[PDB]
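Architecture at a glance
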Amino acid sequence: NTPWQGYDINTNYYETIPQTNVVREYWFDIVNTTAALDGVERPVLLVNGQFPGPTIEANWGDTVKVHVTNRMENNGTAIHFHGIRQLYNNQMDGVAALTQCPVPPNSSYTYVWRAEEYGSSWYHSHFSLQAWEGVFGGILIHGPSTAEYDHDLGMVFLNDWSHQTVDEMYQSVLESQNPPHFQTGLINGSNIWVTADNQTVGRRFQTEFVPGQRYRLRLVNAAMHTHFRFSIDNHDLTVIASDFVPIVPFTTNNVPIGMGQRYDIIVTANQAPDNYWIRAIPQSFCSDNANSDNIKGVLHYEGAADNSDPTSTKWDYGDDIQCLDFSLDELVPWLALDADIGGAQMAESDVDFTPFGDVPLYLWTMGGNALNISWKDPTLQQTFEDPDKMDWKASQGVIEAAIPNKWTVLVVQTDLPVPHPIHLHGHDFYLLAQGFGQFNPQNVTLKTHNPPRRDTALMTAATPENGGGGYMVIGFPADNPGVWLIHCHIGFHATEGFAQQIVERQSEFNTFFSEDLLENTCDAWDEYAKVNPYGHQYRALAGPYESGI
Ligand SMILES: *[C@@H]1O[C@H](CO)[C@@H](O[C@@H]2O[C@H](CO)[C@@H](O)[C@H](O)[C@H]2NC(C)=O)[C@H](O)[C@H]1NC(C)=O
Ligand SMILES: *[C@@H]1O[C@H](CO)[C@@H](O[C@@H]2O[C@H](CO)[C@@H](O)[C@H](O)[C@H]2NC(C)=O)[C@H](O)[C@H]1NC(C)=O
Ligand SMILES: *[C@@H]1O[C@H](CO)[C@@H](O)[C@H](O)[C@H]1NC(C)=O
Ligand SMILES: [O-][O-]
Ligand SMILES: [Cu+2]
Ligand SMILES: [Cu+2]
Ligand SMILES: [Cu+2]
């Protein structure tokens, strides 16, 4: 009686996709505008004048077709659909410098992809810091669920926020050893703001419950530099999926959610009819936010007082310091799959933060190098011009996975007391290990029996007082030819160099590749760069360094 009739929660979505014959077609203008999301006016870049951008909605098995037209004047654009597998469809992944040139003002790009997973994610620009000026929106793919509920509330975005744009902050961030500071936050694009005169402008997010009913909230952390704990005073939360992977449901009183990650939760309306605070609390070990305790929304029961703030108390779950994921034991995919890593290629990418040049600028290095690649010469252009290319520069940050279905096991490690959300394109990886301190190849234990599986996980780090450092280990099979970004999801870090490209099954790129799709946009882009100085990529060390993204 569903659009995926004949399939269900135990279907292996990596191997089988419902045939729906339906195409969901969107049209996205990327616009240069202003908004007062917490009652203070500021410039924003948005999809169709909205924040968050409109939700892309589809059923499992549909095809989605998104026309993106750049209506801005001084940025290119490219849209990435986060967590979408893009199996044999790498050129639709929307990564400038990898899969395409950026789309210039007054040009378009049509993304087409298959909904070959179900649950919750998001699309966002993958061009420089653009996603965090506002170019992002939900993806909501209907499908089976590991628990029942009554109403689907759709996306719930969590964002940090300042009244200066991230682009305005960037030069300061490049030149500083300290992490960036933000003034406030938004819950699905809303908050109040308290002015210097103690006026309240703006409006808080608010949602309304009927007593007894069960609600699905699809949380997404779209922040630039904040790891949050999300909670609802007095209400427990049943987690039912992490990223695009349904899991064995479990109940908790808060959700720790890093950048790029999603969790689906079911909240039952089982408390006294009242107003309760919804809280999105930046974790202070890796977030610096002036208003940690005032990024709140309002859960309003029918039967509660109207026009009246909650007086509920926060769940006493501990402190709001460390930046942590749910544990490996907590996240058990419903579809059980083992990490078959015998014969895997082993790699390690170290993470460091290093000064460069005379200023200096502080860049993040992954695998030994700050990524330094070219918007106008994308990796797929390089491999089209030279199919057997082997001369990768250190600055291209390459990791090869040349053999079909061979596993890679990648350890991402740091000595620094700084945790990072790692995102891999083109794949759900198997999260084998996450931990603190030094990585111990003799001692570490790798979880291979139905490990958590998802597309974004933290490289956790110890605090300075505990010696700093940490690591995560993922595995994935080479099941998807393409050039796939793996990088830190913090927009400032990635732009500063924290990224590597997986060159997967290079001899099979002609399986998906289209020179016309690449060159049309590349020619448009060069035409724009000839007339507009924002068309040239700044890659030197005395201005706003762009890794290529
Ligand atoms: C959005 O529009 C503003 C203009 O309102 C652009 O900013 C201006 O950029 C020009 C460069 O063409 C500067 O000479 C002006 O000083 C800028 N004005 C302000 C208010 O800073 C901005 O570049 C646009 N952004 C995009 C992405 O197109
Ligand atoms: C990032 O890479 C580019 C190479 O594409 C570097 O720029 C070149 O550097 C040489 C010598 O340093 C210059 O003389 C060339 O004119 C530069 N070419 C371009 C295209 O700008 C750049 O220095 C690198 N940046 C970092 C931080 O290493
Ligand atoms: C948040 O915003 C999206 C996009 O506008 C919307 O579809 C969704 O309903 C919102 N979520 C809630 C819970 O209001
Ligand atoms: O996806 O970043
Ligand atoms: Cu993303
Ligand atoms: Cu980072
Ligand atoms: Cu990415």
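Residues numbered from 1 in each chain as written, not as in the entry; some residues may be left out. Chains lettered and ligands numbered in written order. Heavy atoms only, no water. Residues with missing side-chain atoms left out of burial classes, pairs and counts.

Judging from the entry metadata, X-ray crystallography is the method by which this structure was determined, and 1.70 Å is the reported resolution.

Digging into the nonpolar core
Threshold: Working definition of a nonpolar core: buried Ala, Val, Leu, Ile, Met, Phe, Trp, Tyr and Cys residues. They are joined through side-chain atoms within 4.5 Å. For the exposure calls, accessible area comes from a 1.4 Å probe over protein chains only, and a residue counts as buried if that area is under 20% of its type's maximum, exposed if over 50%, partly exposed in between. To qualify as a helix, a DSSP run of H or I must reach at least 4 residues; to qualify as a strand, a run of E must reach at least 2; elements of each kind are numbered from the N terminus. Whether two residues touch is decided by their heavy atoms; if any such pair falls within 4.5 Å, the residues are in contact.
Within the largest apolar cluster, 71 residues are counted, with the highest numbers of intra-cluster contacts made by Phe230, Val255 and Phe492. For this core, the element with the highest residue contribution is helix α1 (residues 166-174), accounting for five residues. If near-sequence neighbours (up to four positions away) are discounted, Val255 is found in contact with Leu219, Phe228, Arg229, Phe230, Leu237, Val239, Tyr263, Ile265 and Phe326. With 68 residues, the next largest nonpolar core counts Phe28, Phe81, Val103 and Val483 among its residues.

Looking at the coordination of the copper ion (ligand 5)
Heads up, the rule is: Water is not among the atoms examined, so metal sites may look incomplete; donors are the N, O and S atoms within 2.8 Å of the metal, or within 3.2 Å for Na, K and Ca. Angular criteria define each label, namely tetrahedral for four donors with all angles between 85 and 135 degrees, square planar for four and octahedral for six donors with opposite donors over 155 degrees apart and remaining angles between 65 and 115, and irregular for whatever fails these tests.
Taken together, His82 (ND1), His124 (NE2) and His489 (NE2) make up the protein donors of the copper ion (ligand 5), found 1.9 to 2.3 Å from the metal. The site at the copper ion (ligand 5) holds four donor atoms, and with the angles between them running 92 to 135°, its shape is tetrahedral. A spacing of 5.0 Å is found between the copper ion (ligand 5) and the copper ion (ligand 7). Residue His124 is located in strand β7 (residues 119-125), and its partner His489 is located in the loop between β31 (482-488) and α3 (491-495); the two are separated by 365 residues in the primary sequence. For the pair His124 and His489, one class covers both residues: buried.

So, the coordination of the copper ion (ligand 7)
In a perfect tetrahedron of four donors around a metal, the angles come out at 109.5 degrees. In a perfect octahedron of six, they are 90 or 180 degrees. Coordination of the copper ion (ligand 7) by the protein comes from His126 (NE2), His425 (NE2) and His487 (NE2), over a distance range of 2.0 to 2.2 Å. Of note, the donors binding the copper ion (ligand 7) are all from one chain and are spaced H-x298-H-x61-H.

What to know about the UniProt feature "binding site: Zn(2+) 5" (unreviewed entry) in the protein chain
Our working definition: UniProt positions are given in the numbering used here, feature names are shortened, and annotations may be inferred rather than shown by experiment.
Residues given the UniProt feature "binding site: Zn(2+) 5" (unreviewed entry) here are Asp338 and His449. Despite a sequence span of 112 residues, these residues sit close together in the fold, their greatest C-alpha distance being 4.9 Å. Structurally, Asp338 can be placed in the loop between β21 (296-301) and β22 (345-356). Every residue in contact with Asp338, bar those within four places of it in the chain, is listed here: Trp407, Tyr430, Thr448, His449 and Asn450. Within the secondary structure, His449 is located in the loop between β27 (429-436) and β28 (453-454).

Focus: the state of the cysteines
Note the threshold: When two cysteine sulfur atoms lie within 2.5 Å, the pair is treated as a disulfide.
One pass over the structure, following the stated rule, counts two disulfides. The disulfide partner of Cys101 is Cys522, and the S-S distance across this bridge is 2.1 Å. One disulfide, between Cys101 and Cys522, carries an S-S torsion of 90° and so falls in the right-handed class. Of the two residues, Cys101 sits in the loop between β5 (79-81) and β6 (108-114) while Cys522 sits in helix α4 (residues 515-531), which places them 421 residues apart along the sequence. Given a relative accessible area of 0%, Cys101 falls into the buried group. Residue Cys522 is classed as buried on the basis of its relative accessible area, which comes to 10%. The side chain of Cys286 participates in a disulfide bridge whose partner is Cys323; the two sulfur atoms lie 2.1 Å from each other. Between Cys286 and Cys323, the disulfide has an S-S torsion of -100° and is therefore left-handed. Residue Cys286 is located in the loop between β20 (275-282) and β21, and its partner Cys323 is located in the loop between β21 and β22; the two are separated by 37 residues in the primary sequence. For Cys286, a relative accessible area of 13% gives the class buried. For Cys323, a relative accessible area of 0% corresponds to the buried category.

Description of the packing of aromatic side chains
Rules: Pairing of aromatic rings covers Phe, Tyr and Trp, the last counted by its six-membered ring, and requires centre-to-centre distances within 6.5 Å; plane angles under 30 degrees mean stacked, over 60 mean edge-to-face, and any other angle means tilted. In this scheme, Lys NZ or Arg CZ marks a charge over a ring once it lies within 6 Å of the ring centre and within 35 degrees of the ring normal.
Considering all chains together, one arrives at 31 aromatic pairs under this definition. For the pair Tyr13 and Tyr118, a centre-to-centre distance of 5.6 Å together with 80° between the ring planes defines the contact as edge-to-face. Of this pair, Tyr13 sits in the segment before β1 (23-35) while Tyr118 is found in the loop between β6 and β7, placing the two residues 105 residues apart along the sequence. Using a relative accessible area of 2% as the deciding quantity, one classes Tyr13 as buried. Ring plane angle 40° and centroid distance 4.8 Å describe the contact between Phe127 and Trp375, whose orientation is recorded as tilted. You can see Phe127 sitting in the loop between β7 and β8 (136-142) and its partner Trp375 sitting in the loop between β23 (361-366) and α2 (379-385), a full 248 residues away along the chain. For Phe127, a relative accessible area of 3% gives the class buried. Residue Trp375 is classed as buried on the basis of its relative accessible area, which comes to 6%. Members of the aromatic cluster, each reached through a chain of ring pairs, are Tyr7, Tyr13, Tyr14, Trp60 and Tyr118. Looking at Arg42, its charged tip hangs above the ring of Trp161, at a distance of 3.9 Å from the centre. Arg262 extends its terminal NZ or CZ atom over the ring of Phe244, reaching a point 5.2 Å from the ring centre.

Digging into the sheet that holds β21
Short version of the rule: When DSSP finds at least two bridges between two strands, those strands are taken to pair. Only the stretch in contact is used when fitting a helix axis, every axis being a line fitted to C-alpha atoms; angles between N-to-C directions are given from 0 to 180 degrees.
Strand order in the open sheet formed by five strands is β13-β21-β20-β15-β18, and the pairing between neighbours is mixed. With one partner strand each, in any of the chains shown, β13 (206-209) and β18 (255-257) form the two edges of the open sheet. Looking at each pair of strands side by side, their axes are set apart by 20° on average, direction ignored. With five bridges joining them, strand β15 (residues 228-232) and β20 adopt antiparallel strand pairing. Counted as the bridge partner of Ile232 is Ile278 from β20.

A closer look at the domain arrangement of the protein chain
What counts here: For each domain, the first and last residues come from an automatic or database assignment. Side-chain classes are defined by residue name, with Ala, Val, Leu, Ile, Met, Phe, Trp, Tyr, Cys and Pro counting as nonpolar, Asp, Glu, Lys and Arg as charged, and the others, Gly among them, as polar.
Here the protein chain is partitioned into domain 1 (1-144), domain 2 (145-335) and domain 3 (336-549). Each partner contributes residues to the interface: domain 1 has 37 residues there, and domain 2 has 41 residues. Every element with two or more residues in the side of domain 1 that touches domain 2 is listed here: β2 (42-47), β7 and β8. Counting residues per element, the side of domain 1 that touches domain 2 draws most heavily on β8, at seven residues. Looking at side-chain class alone, the side of domain 1 that touches domain 2 contains 19 nonpolar, 14 polar and four charged residues.

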